[PDB]
Protein chains: 2
Amino acid sequence: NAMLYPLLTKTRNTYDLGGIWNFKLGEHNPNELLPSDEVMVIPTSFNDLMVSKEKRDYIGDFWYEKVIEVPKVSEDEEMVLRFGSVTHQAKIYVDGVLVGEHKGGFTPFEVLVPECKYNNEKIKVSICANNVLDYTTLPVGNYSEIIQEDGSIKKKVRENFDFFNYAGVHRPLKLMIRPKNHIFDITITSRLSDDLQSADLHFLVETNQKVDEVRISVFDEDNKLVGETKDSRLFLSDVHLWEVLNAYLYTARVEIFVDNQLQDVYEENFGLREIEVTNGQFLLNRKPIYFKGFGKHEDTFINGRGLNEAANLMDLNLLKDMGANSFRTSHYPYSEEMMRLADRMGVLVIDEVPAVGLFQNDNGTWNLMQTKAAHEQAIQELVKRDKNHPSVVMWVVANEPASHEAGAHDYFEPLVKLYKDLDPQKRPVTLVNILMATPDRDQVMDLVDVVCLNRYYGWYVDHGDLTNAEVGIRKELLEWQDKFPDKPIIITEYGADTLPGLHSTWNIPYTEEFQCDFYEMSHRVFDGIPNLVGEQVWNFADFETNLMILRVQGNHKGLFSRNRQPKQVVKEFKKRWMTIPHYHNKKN
Amino acid sequence: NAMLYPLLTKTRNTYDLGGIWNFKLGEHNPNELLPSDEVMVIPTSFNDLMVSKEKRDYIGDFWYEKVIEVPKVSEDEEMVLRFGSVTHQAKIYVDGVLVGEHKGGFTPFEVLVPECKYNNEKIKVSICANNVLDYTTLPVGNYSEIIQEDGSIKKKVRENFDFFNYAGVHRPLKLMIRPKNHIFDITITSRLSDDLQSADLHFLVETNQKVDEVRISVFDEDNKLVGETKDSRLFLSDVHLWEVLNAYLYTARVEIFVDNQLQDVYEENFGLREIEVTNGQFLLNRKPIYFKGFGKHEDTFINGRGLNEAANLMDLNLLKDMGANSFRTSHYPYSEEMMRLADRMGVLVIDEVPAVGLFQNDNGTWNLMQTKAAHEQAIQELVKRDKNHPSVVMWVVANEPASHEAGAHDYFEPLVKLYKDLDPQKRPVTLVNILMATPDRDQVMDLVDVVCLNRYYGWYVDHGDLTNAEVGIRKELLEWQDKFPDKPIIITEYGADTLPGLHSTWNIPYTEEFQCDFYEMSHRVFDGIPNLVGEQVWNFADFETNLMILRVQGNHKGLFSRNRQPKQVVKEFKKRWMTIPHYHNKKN
Ligand SMILES: [Mg+2]
Ligand SMILES: [Mg+2]
């Protein structure tokens, strides 16, 4: 139900509830008042703000609590709490009463404040967050309980993924006063003309109640009126297209009317562009694109997975300065803020649900992977939240699932359909593939539009041995190309752990020089694979992980450090990506 | 006029305007519409988000611009834009019309939106920021213009201080709808009883217009009503005192009434505690305190000087885990958010105005230091903003001014009076003293209540030579103690540049081991100076500076890295500061 970015309009009062909240790890009676012994900030991951390991590794319930003043709410209005997200599960209390609930740590939801409380001076909001991951959650966790002889129970999650399980309220929480009868959803659809110069627009507006009139006023980047309709249909002559690294955004002001008066007004941006996949190519505006960019993480010192709009912008500025043009939201939906920024900057985005960890670890006879419900929900929420973004060019169903094992096809078949059935634009959906699932073994890739591969020849296979890595990477890309002559291929991950300061004359893995050598070898291969249409390094920047022997205080495959300072290899990518055009047809 | 923290109340709608703004370095006609070519985030320093040096070093006008929806404003209300701060100077435009202005980069101000625009759908807000520092500004800059033969003029500021000149909108901007007749200011005063168990409270409420009734309801930490008055006076029996690292906050709900109805309601927190200085001691609640803590900076990767509430909390958590109890807002007022947090956590705060750089670089015959106006304004704004914070225990008039040169006394004499005249609590005021201004030479310290010294024997004097540094530090503290047997002494800065990873067996400056040795030597001296009542390391964390040969990519005197990871010496401070009690009377 929370699919619309919270805006301030003359009919919608939006209040930011961020700041300091009373805070507690562990159990709490929401009928009672949390002390100010512990506090926590909203938004931010809580983990790094803890000074001890035991606290940073806490798993279970933890609470945020604040007494909040009730604004003026008129008879025809209602009041909702709107969360960008709570990680991973959340129960929301008003005055000690359970009033809403959510599962999924990376998508927004709203919670209605009971009408009977609108004439009160104050309300106490209590948020019971929970950071347990399961075989029933996304991402997938290995959950276990050990009794302490205390004998309290210690909960722990052995992540089935390579990123630290940051938890907390990572995204802005809003107190939202809006009309009872309001605009629930807006879907924007366009059919571009033969020559790509005009657009037949369809604005599909959802309401809960009867409306007399629905006026839509479209404005261009100069805020000049260029179209108006009362029937949901608009024809725009001589449009400006949304082009890679050269964005053009229209904004659709939607006003609804009952009995000759404004009931609700919302402003939704859209961009005009066409996506197609054919002949081993990714077409944007009917021209062949070459992806260059990064797998990313929402990760930063101090804030962990919490939203930092300034990091979004610093990254995006660097991306574009490098000559890059895209990135993937690995391994979970990013914040709305980041999406709106990619739109504004013309950056291509591969948008993914948190389906990472779908891989067991004899044996497995019993049904342990109960992920289907969460998966279906994740897909619905992402498409409903993100479908209007011109920057979203493709969906990902999973990252590195066990796609070579029996039962894989039948799990993904309906989920891929779901993206198609839900996306008005029917964008391509992909599946990101692990090295184990080789062309012969894999049994899922027939279902998808674009082949995405994470490959580390010269790092995990043939470690530090480029001569043989080259033969391996080339061999496999040729098998993929052959098995699917039709589909485009995108390297969604490739890189090499690199610690700033480590140096060698002898191409030594972990040194800055080896990072350069690794990418040279990789690009020499890619450039000779006709159906390979894009390359996205892992990772943009170094990032936090859990304790595992092959992680040297986090992942270090970043071109930048966690503090966003460049490694040696950045100069090299800048020379390469400024030489390859965005609209680059190889083939030729 | 912006002395009250912006709150949401039933009479005050407060909207956050943060997020993405159109942005441009350089000249702009506010009657015209800024493109979305450049964007910038609010709040954040702009500098680090620039990928090129030329852009990061830009000096002059730069603009933020956004079209903003106008909320419902009733006939008895008014609409103001409220800035936490703009660095360093700001001119504010509505629809191309100049509508307000501010000088000083670290204090809040409000700007009235013209009433005639309240029935409009939208308003364009334009912010022309400026980051020039002068001989007329605080902090003090060395300003110069060189013609490029372009021939545009390149503006540059040679900072007269040791921190990078981060600029931008560092703090939240709010759109604020409030009653025409509202509560302008609340000053909270208390006289504690002989035995410190009761408090006679005086709530001084300022209004612009007539009010019929002023009701004040005080609530304790459990939100239970403990007092109520209609005459500005309240006697509270058996209070809970605000104690170091053990805070207790009351909150004063102030409601005003005209003709039997609520005109405005505001909630202001206060804490009860007594401060006194006598016999070379700093008394809190009539017990002798020992300061332990940090000089700090509002500094962080990516965001620069922009507000990051999560960094405030992570720092404060670390501070208290270390057994520390205070910090100084060097070298400028911190955000309101940080102040409210110090109150909530019981941390002592030395609150300072941006009077750093008051030092020339023959000669100087002509009046070049035109800082007096800015200085007077800074002092008024800080006291008006911060006077109610129980955590604020002392004011600083300047950091490291030329207090040994003729004319120093006469400059500071009236400014010290100003703090006294403005502070209802008449807290101590101090002056932070440079090594050049030695007991004999100095001519300002008679004016102040507490002696604050920045001393670096073993780092700037006797570099890396502890044996002789010890004799020097001891010698000087004995001269200070002798010249002012009355006043307490606080070391406000001492430390040693330390790069993480640098190691040695031989007590080598810049190594982690030397940092430890330096502090051992320093504490061995301090412990034998009876009138030395506090020690604050420079710095909490490493921080950004300009280009100067003795700065190795910033300042590295931090106990923590810029990323908040500990250096070797942290273990040592934790052992020492957990052994020294907060209420520690040496003498004895
Ligand atoms: Mg099974
Ligand atoms: Mg002079």
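So that the names make sense, note that chain A is the first sequence line, chain B the second, and so on, each numbered from 1.
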With distance as the sole criterion, is a donor-acceptor pair present between the side chains of [X] and [Y] under 3.5 Å?
{"X": "A:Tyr5", "Y": "A:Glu268", "value": "no"}
{"X": "A:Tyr166", "Y": "A:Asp48", "value": "yes"}
{"X": "A:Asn22", "Y": "B:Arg344", "value": "yes"}
{"X": "B:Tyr15", "Y": "A:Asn13", "value": "yes"}
{"X": "A:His170", "Y": "A:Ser45", "value": "yes"}
{"X": "B:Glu65", "Y": "B:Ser126", "value": "yes"}

Is [X] in contact with chain B via its backbone, its side chain, both, or neither, using a 4.5 Å heavy-atom distance?
{"X": "A:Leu249", "answer": "neither"}
{"X": "A:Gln553", "answer": "side chain"}
{"X": "A:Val39", "answer": "both"}
{"X": "A:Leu33", "answer": "side chain"}
{"X": "A:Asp222", "answer": "backbone"}
{"X": "A:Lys122", "answer": "side chain"}
{"X": "A:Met50", "answer": "neither"}
{"X": "A:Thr300", "answer": "side chain"}
{"X": "A:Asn563", "answer": "both"}
{"X": "A:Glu267", "answer": "side chain"}
{"X": "A:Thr14", "answer": "backbone"}

So which of [options] has the biggest tally of heavy-atom pairs under 4.5 Å with chain B?
{"options": "A:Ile302, A:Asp315, A:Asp321", "value": "A:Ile302"}
{"options": "A:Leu318, A:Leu49, A:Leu316, A:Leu17", "value": "A:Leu49"}
{"options": "A:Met345, A:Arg564, A:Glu309, A:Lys320", "value": "A:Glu309"}
{"options": "A:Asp16, A:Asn308, A:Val67, A:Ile42", "value": "A:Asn308"}

Exercise for the section: Verify whether the ring centers belonging to A:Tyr250 and A:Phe219 lie closer than 6.0 Å. Expected result: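 Ring-ring flag for A:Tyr250/A:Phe219: false, centres at least 6.0 Å apart.
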
Exercise for the section: Check whether B:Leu175 gets within reach of chain A through its side chain, its backbone, both or neither, counting any heavy atom under 4.5 Å. Expected result: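 Contact with chain A involves the side chain of B:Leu175 alone.
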
Practice task
Counting only heavy atoms closer than 4.5 Å, note whether B:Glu121 contacts chain A via side chain, backbone, both or neither.
Solution key: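 For B:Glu121, the contact with chain A is made by backbone and side chain together.
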
Handout entry: Result of checking A:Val169, A:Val41, A:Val125, A:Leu34 against A:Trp21 for side chain to side chain contact (heavy atoms under 4.5 Å, CB included)
Key =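 Exactly one pass, corresponding to A:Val125.
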
Problem - 4.5 Å side-chain heavy-atom contact, A:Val265 and A:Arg12 - result: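 No, every pair of side-chain atoms sits at 4.5 Å or beyond.
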
Exercise for the section: With the side chain counted from C-beta on, respond yes when A:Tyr248 and A:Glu221 share a heavy-atom pair under 4.5 Å apart, and no when they do not. Expected result: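 Touching, per the 4.5 Å side-chain cut-off.
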
Exercise for the section: Give a yes/no verdict on a cation-pi contact between B:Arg562 and B:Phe543, requiring under 6.0 Å between NZ or CZ and the six-membered ring centre and an angle within 45° of the axis. Expected result: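 Cation-pi check for B:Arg562 and B:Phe543: fails.
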
Problem - B:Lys117 side chain vs B:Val70 backbone, donor-acceptor pair below 3.5 Å - result: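 No: the side chain of B:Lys117 does not pair with the backbone of B:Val70.
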
Practice task
Flag the one option from B:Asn246, B:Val51, B:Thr44 with the top tally of heavy-atom pairs under 4.5 Å to chain A.
Solution key: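 Maximum pair count with chain A is reached by B:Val51.
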
Practice task
Between chain A and each of B:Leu313, B:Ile68, B:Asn317, count heavy-atom pairs under 4.5 Å; write down the option with the most.
Solution key: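 Going by pairs under 4.5 Å, I would pick B:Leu313.
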
